[PDB]
Amino acid sequence: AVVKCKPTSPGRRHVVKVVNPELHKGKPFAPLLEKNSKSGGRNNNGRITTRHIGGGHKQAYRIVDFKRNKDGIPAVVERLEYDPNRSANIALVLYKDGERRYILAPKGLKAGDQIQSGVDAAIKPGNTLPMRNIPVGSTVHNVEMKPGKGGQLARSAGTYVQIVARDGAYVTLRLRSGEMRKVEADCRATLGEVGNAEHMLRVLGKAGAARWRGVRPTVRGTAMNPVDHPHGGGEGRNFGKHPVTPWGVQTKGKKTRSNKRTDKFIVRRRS
Amino acid sequence: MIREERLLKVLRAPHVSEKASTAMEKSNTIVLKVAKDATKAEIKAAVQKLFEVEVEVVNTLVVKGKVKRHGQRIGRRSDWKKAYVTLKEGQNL
Amino acid sequence: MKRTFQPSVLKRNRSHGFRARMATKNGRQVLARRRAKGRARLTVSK
RNA sequence: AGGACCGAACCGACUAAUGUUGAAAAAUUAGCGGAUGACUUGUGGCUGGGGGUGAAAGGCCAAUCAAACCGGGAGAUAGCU
RNA sequence: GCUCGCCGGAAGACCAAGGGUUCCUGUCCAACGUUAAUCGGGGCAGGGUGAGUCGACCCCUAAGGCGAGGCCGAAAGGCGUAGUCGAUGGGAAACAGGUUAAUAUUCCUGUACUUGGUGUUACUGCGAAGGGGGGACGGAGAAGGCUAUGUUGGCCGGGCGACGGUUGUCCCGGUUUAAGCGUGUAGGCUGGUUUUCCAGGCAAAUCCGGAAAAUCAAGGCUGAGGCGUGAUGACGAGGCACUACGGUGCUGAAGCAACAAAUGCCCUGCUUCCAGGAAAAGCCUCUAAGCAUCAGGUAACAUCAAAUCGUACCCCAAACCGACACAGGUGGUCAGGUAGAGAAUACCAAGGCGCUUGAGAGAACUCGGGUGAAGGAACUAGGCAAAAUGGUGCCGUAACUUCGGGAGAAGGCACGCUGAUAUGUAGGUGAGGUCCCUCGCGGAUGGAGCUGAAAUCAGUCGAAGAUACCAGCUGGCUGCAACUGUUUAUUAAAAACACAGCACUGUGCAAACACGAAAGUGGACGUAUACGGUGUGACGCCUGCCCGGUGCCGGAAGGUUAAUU
Ligand SMILES: [Mg+2]
Ligand SMILES: [Mg+2]
Ligand SMILES: [Mg+2]
Ligand SMILES: [Mg+2]
Ligand SMILES: [Mg+2]
Ligand SMILES: [Mg+2]
Ligand SMILES: [Mg+2]
Ligand SMILES: [Mg+2]
Ligand SMILES: [Mg+2]
Ligand SMILES: [Mg+2]
Ligand SMILES: [Mg+2]
Ligand SMILES: [Mg+2]
Ligand SMILES: [Mg+2]
Ligand SMILES: [Mg+2]
Ligand SMILES: [Mg+2]
Ligand SMILES: [Mg+2]
Ligand SMILES: [Mg+2]
Ligand SMILES: [Mg+2]
Ligand SMILES: [Mg+2]
Ligand SMILES: [Mg+2]
Ligand SMILES: [Mg+2]
Ligand SMILES: [Mg+2]
Ligand SMILES: [Mg+2]
Ligand SMILES: [Mg+2]
Ligand SMILES: [Mg+2]
Ligand SMILES: [Mg+2]
Ligand SMILES: [Mg+2]
Ligand SMILES: [Mg+2]
Ligand SMILES: [Mg+2]
Ligand SMILES: [Mg+2]
Ligand SMILES: [Mg+2]
Ligand SMILES: [Mg+2]
Ligand SMILES: [Mg+2]
Ligand SMILES: [Mg+2]
Ligand SMILES: [Mg+2]
Ligand SMILES: [Mg+2]
Ligand SMILES: [Mg+2]
Ligand SMILES: [Mg+2]
Ligand SMILES: [Mg+2]
Ligand SMILES: [Mg+2]
Ligand SMILES: [Mg+2]
Ligand SMILES: [Mg+2]
Ligand SMILES: [Mg+2]
Ligand SMILES: [Mg+2]
Ligand SMILES: [Mg+2]
Ligand SMILES: [Mg+2]
Ligand SMILES: [Mg+2]
Ligand SMILES: [Mg+2]
Ligand SMILES: [Mg+2]
Ligand SMILES: [Mg+2]
Ligand SMILES: [Mg+2]
Ligand SMILES: [Mg+2]
Ligand SMILES: [Mg+2]
């Protein structure tokens, strides 16, 4: 549910929270946790390579099963959980053989719901099948790009792909970007949309809420001196040049994709 | 078991001082200068062999040498090891 | 006011000590120069 | 509940006077701002010179910065004193 | 030595870091010490640091470093796997009393505990680099139970007062005791126990996980404190005897209760929130290979061992960082009384100090303060500076508003002491007694003693009762920036930067992009509700026309056009 905070202080006035009462209040399932320490956006040469990354809360990594290859064994959803490492929620599932795993939580999934993977699974949300076995027109998520590699497309809160066509060894997918892409029909997909679609209604409300998430401040190029940025300089607010990145490349319209290896799979660019 | 050659090198001298004199009279403890690399086990063995007494326990410490001016040139005395060797009650060295 | 030299013997040794000098070609060239000059103290090690 | 309120420690540095061969190569005194947070602090680590780092002042990078310091090319060159 | 003054959340005490003999004793006064110096952190000599349980070393990992092979690179080298290092974190165990001129949880006395090796006895399925559990983890909040600690009474010892009074509802001092061992308490968490089966836990598993039955209603784990014991001991106000008057020798009474009470402990708890909160070992457990009446494991007993290095001294400072015996800087720990909301403030305790030039004088002027007739901003670029306001309770409070605010708006009244209500109230605490008891660190009733606000009435002193210290000036119109934040270390704190929000644009994952001759790495163990760039800058109402110029995007007929031939 989406709740507006009352304006008892100026930093609360514009806050909008996404509050989900279904989520587990306790700690996560410890056997499926690992550490993930932070980078500050610094590579192994120690230099900043991605700007504006730093601080925020400590986070444990939850091992999520994107492969969904434990075929023929039913699983029951034990609970939905908050995962700090991503926009979607996750679901702890218990397989009939006693194994527990985390998966992405689809829209509509609740505790007690049964799921299954493989060629002979039912067409039901949370079930995973090869896209050869999924009807054309279906909405899916967590779509593999290569058979066996694990889901890479449509993982974020509220996302999904549509299977628009089937042509021999390939299916055509419409992605959230609007791109039409071919993928091998052997690739797996999970039926349904990713849950937590209200994620995009949140309003952070104050500067510190972005700092909690490990985003550091952006300084505008035009606020700088010429030595620092192409936009830098001027006595007063001045500009008078074509907008560029800090490294001098045009940043308003100039296309940057250059991958002749994967061009064959792209039926239609997002436009 | 320690070789007798080793035991004949570990004890260097008795230490004379008011603290040492009081240690002997009140606590039946002899104070010795010992080899820098001497262990409590070697000191105990050497005392029992060479002084022919029975040793209760050995406590040891390293004394750091003083920095001293000889004329103008600066010099430093050597570090050395001191042993407080407690004898059994009626030994009487 | 807080001045520039804030001593730490661990940091001193790790930054400028004998083993740090020996770990690289350029460090070994420091030692070579200082030996050639005839320095009494090659490094900060003590 | 809160980058909520008053206010010590703690962090800062708005005003004034003193000091200006100083008590001090940036402080003292009286007042001043924040004070559960985008807070503050200890230890250790990483980023290196057309390079870093910068909530951006050309700021900071050992009392040095519109290109650090040390050695070298080197007795640079100086229609100038 | 006697007085006086100063600090006392420190100007006292204990550490880390850093220093390294500055520590203690004797001796010296040339130089050093902003003067003198018999003194000294000065010179000279001698002494002084005692550990199975403190700390390091050691075992274990974090960030990160190094890295066999490897991949990559003119060379030098870069990156990284297996590994191996790396604490600021996890991992066994000791307390009280005494003692030196100078160390002490290290020495002595008393009383404990831990780990490991041997050996004896009894029983026995033992075994890992592998599996599982544990270790193992956030912020905020509330309340209860406690203790440290303090106050009062009692008790014991001492006193009867330099000047009116002081045998008492009088004055001064003491009234201390650990770890361990036993007890398992306030309280917290969890349903137990037994069989059968199993696509899981890189193979196995009696372990964990899952499924199904039967059966039982209490079973287990965690836990401050209290009490007992430790302890017929130790310590003890003082008193007595010496003194080489420096300090030793001898002896020791009481040693209880109530009430108050932490920011410490129960608490790694409980409640709640979103921003969702290390790892690895020690530890427990399961088995593999293998051993298989052996080794090996468990329990009791005895014995041996527990090395090495640090331990002096300063440590908000004359010993560290600042050239100085320098108004500077420097992390952690302890936290008495009265008053007070308080770690503020004033005055004190324990404890520590008077800041290493003095003596006079009492000019101008300078500095830091006090008070000021009448006037009251007339001063000045400018109320700069100063003066003023200042507490608690209660009454009362406007425009405007995003309905929270504005607000402590503004403004006003009360406030001391004594007595009474009530020889100390409401409230808190709760002894004895009594009753019960699934019987104890138990439940009910009971109210002694103790503690103790606030209010009202009456009186009373002063010029003045929030008496000192401490402690908002207030209001009106307006520009700018929404706001809290950030900034030119050392002349600029702002209207500048940032910000939540908005938009454009790139990016389909071996992503764009950035660092890098490369290998790689960040982006991200993310995947278009995501990530990068650029501009604008909460919110409200909005955001008009121009594609000629310069850029970018799409186009692919034609013109022109490279290497090549
Ligand atoms: Mg993240
Ligand atoms: Mg932005
Ligand atoms: Mg600028
Ligand atoms: Mg440029
Ligand atoms: Mg202009
Ligand atoms: Mg113009
Ligand atoms: Mg001993
Ligand atoms: Mg605040
Ligand atoms: Mg404020
Ligand atoms: Mg400080
Ligand atoms: Mg300023
Ligand atoms: Mg001040
Ligand atoms: Mg405040
Ligand atoms: Mg400028
Ligand atoms: Mg500088
Ligand atoms: Mg240059
Ligand atoms: Mg030349
Ligand atoms: Mg020249
Ligand atoms: Mg005083
Ligand atoms: Mg004070
Ligand atoms: Mg000396
Ligand atoms: Mg001395
Ligand atoms: Mg003289
Ligand atoms: Mg003199
Ligand atoms: Mg001396
Ligand atoms: Mg020792
Ligand atoms: Mg490593
Ligand atoms: Mg190699
Ligand atoms: Mg490497
Ligand atoms: Mg290691
Ligand atoms: Mg440590
Ligand atoms: Mg001492
Ligand atoms: Mg008590
Ligand atoms: Mg506190
Ligand atoms: Mg000491
Ligand atoms: Mg002085
Ligand atoms: Mg000083
Ligand atoms: Mg005068
Ligand atoms: Mg004056
Ligand atoms: Mg005045
Ligand atoms: Mg006047
Ligand atoms: Mg007047
Ligand atoms: Mg007037
Ligand atoms: Mg005027
Ligand atoms: Mg005038
Ligand atoms: Mg003023
Ligand atoms: Mg004033
Ligand atoms: Mg105007
Ligand atoms: Mg502002
Ligand atoms: Mg600053
Ligand atoms: Mg400045
Ligand atoms: Mg990559
Ligand atoms: Mg702007």
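Protein chains get the first letters and strands the later ones, always in sequence-line order, with residue 1 at the start of each.
One finds no side-chain N or O of B/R69 lying less than 4.0 angstrom from the OP1 or OP2 phosphate oxygen of E/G43. Phosphate proximity of E/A510 to A/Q152: present, with a side-chain N or O under 4.0 Å from OP1 or OP2. Listed pair A/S156 / E/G526 fails the phosphate criterion, with no side-chain N or O lying under 4.0 Å from OP1 or OP2. For A/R220, a side-chain nitrogen or oxygen approaches OP1 or OP2 of E/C497 to under 4.0 Å. Put simply, A/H229 has a side-chain N or O that comes within less than 4.0 Å of OP1 or OP2 on E/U534. Not one side-chain nitrogen or oxygen of A/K206 sits closer than 4.0 Å to the OP1 or OP2 atom of E/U484. For C/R3, no side-chain nitrogen or oxygen approaches OP1 or OP2 of E/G322 to under 4.0 Å. Listed pair A/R211 / E/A275 fails the phosphate criterion, with no side-chain N or O lying under 4.0 Å from OP1 or OP2. Residue C/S8 places at least one side-chain N or O closer than 4.0 Å to OP1 or OP2 of D/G44. For C/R14, a side-chain nitrogen or oxygen approaches OP1 or OP2 of E/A87 to under 4.0 Å. OP1 or OP2 of E/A530 sits under 4.0 Å from a side-chain N or O of A/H199.
Contact of A/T245 with E/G533 (side chain to base): no donor-acceptor pair of N or O atoms is detected under 3.5 Å. No hydrogens or angles were tested; on distance alone, a donor-acceptor pair under 3.5 Å links the side chain of A/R13 to the base of E/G404. Donor-acceptor pairing under 3.5 Å, judged by distance alone, is present between the side chain of A/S177 and the base of E/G508. Taking 3.5 Å as the limit, the base of E/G209 and the side chain of A/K96 contain no donor-acceptor pair of atoms between them. For D/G54, its base sits under 3.5 Å from the side chain of A/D228 at one donor and acceptor pair at least. For B/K19 and E/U103, a side-chain-to-base donor-acceptor distance below 3.5 Å is present, hydrogens and geometry of angles not being considered. Side-chain to base pairing of A/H14 with E/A538: one donor and one acceptor N or O lie within less than 3.5 Å of each other.
The pairing partner recorded for E/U120 is E/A300, the criterion being a Watson-Crick or G-U wobble arrangement whose two distances lie under 3.5 angstrom. Across every strand in view, D/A23 sits unpaired, with no contact that passes the Watson-Crick or G-U test at under 3.5 angstrom. Under the Watson-Crick and G-U wobble criteria, each requiring two contacts below 3.5 Å, nucleotide E/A13 is paired to E/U333. Base pairing of E/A140 is made with E/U271, judged by Watson-Crick or G-U wobble geometry with both donor-acceptor distances under 3.5 Å. Pairing for E/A481 is absent, judged as Watson-Crick or G-U wobble with the two contacts each under 3.5 Å. The nucleotide E/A455 finds its pairing partner in E/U421, both defining distances of the Watson-Crick or G-U wobble pair being shorter than 3.5 Å.
Atom pair A/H57:NE2 and D/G37:P shows a separation of 15 Å (rounding to whole Å applied). Following rounding to the nearest Å, A/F29 (CZ) and E/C208 (P) show an atom-to-atom distance of 15 Å. Whole-Å rounding puts the A/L23 CG to E/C274 P distance at 10 Å. With rounding to whole Å, A/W212 atom CH2 is found 8 Å from D/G3 atom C1'. For the pair A/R237 CZ and E/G537 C1', the computed distance is 11 Å after rounding to whole Å. When rounded to the nearest whole Å, the span between NE2 of B/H15 and P of E/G48 equals 4 Å.
In this strand, E/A444 sits stacked on its neighbour E/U445; the base ring centres are under 5.5 angstrom apart and the planes under 30 degrees. With centres closer than 5.5 angstrom and planes tilted by less than 30 degrees, the six-membered rings of D/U18 and D/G19 count as a stacked pair.
E/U166: sugar pucker north (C1'-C2'-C3'-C4' torsion positive). Judged by the sign of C1'-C2'-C3'-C4', the sugar at E/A56 is north, the angle being positive. A negative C1'-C2'-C3'-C4' dihedral is found for the sugar of E/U529, placing it in the south range.
Comparing E/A281 with E/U84, their P atoms sit 13 Å apart, to the nearest whole Å. Using P as the reference atom, D/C60 and E/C315 are 38 Å apart when rounded to the nearest Å. E/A312 and E/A234: their P atoms are spaced 32 Å apart (whole Å). Across the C1' atoms, E/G230 and E/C181 are found 8 Å apart, a figure rounded to whole Å.
Proximity under 5.0 Å between side-chain heavy atoms of A/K252 and base atoms is restricted to the minor-groove edge of the pairs.
With a 6.0 Å cutoff to the six-membered ring centre and a 45° limit on the axis angle, A/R100 does not count as a cation-pi contact of A/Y95.
Shown here is C/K11, whose NZ atom has no more than 12 heavy atoms of other residues, nucleotides or ligands within 6.0 Å. Crowding of A/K38 atom NZ: a count of heavy atoms from other residues, nucleotides or ligands under 6.0 Å exceeding 12.
Taken together, E/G485 and E/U338 fail the test for a Watson-Crick or G-U wobble pair, since the two needed distances are not both under 3.5 Å. No Watson-Crick or G-U wobble pair links E/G558 with E/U474 with both defining distances under 3.5 Å.
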Show me the donor-acceptor pairs, under 3.5 Å and distance only, between side chains in residues 56-65 of chain A and residues at least two apart or in other chains.
{"residue": "A/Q59", "atom": "NE2", "partner": "A/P84", "partner atom": "O", "Å": "3.3"}
{"residue": "A/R62", "atom": "NH1", "partner": "A/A60", "partner atom": "O", "Å": "3.0"}
{"residue": "A/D65", "atom": "OD1", "partner": "A/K67", "partner atom": "N", "Å": "3.2"}
{"residue": "A/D65", "atom": "OD1", "partner": "A/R68", "partner atom": "N", "Å": "2.8"}
{"residue": "A/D65", "atom": "OD2", "partner": "A/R101", "partner atom": "NH1", "Å": "2.8"}

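For A/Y61 and E/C525, the ring-to-base geometry satisfies the stacking test (centroid distance below 5.5 Å, interplanar angle below 30°). Once the 5.5 Å centre distance and the 30° plane angle are applied, the aromatic ring of A/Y82 is found stacked with the base of E/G276.
Annotation: B/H15 is in aromatic contact with B/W80 [ring centroid separation under 6.0 Å].
Across all non-hydrogen atoms, the minimal contact from A/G40 to A/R42 is O-NH1, 2.9 Å.
Of the possible polar contacts, one joining the A/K4 side chain to the A/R13 backbone as a donor-acceptor pair under 3.5 Å is found.
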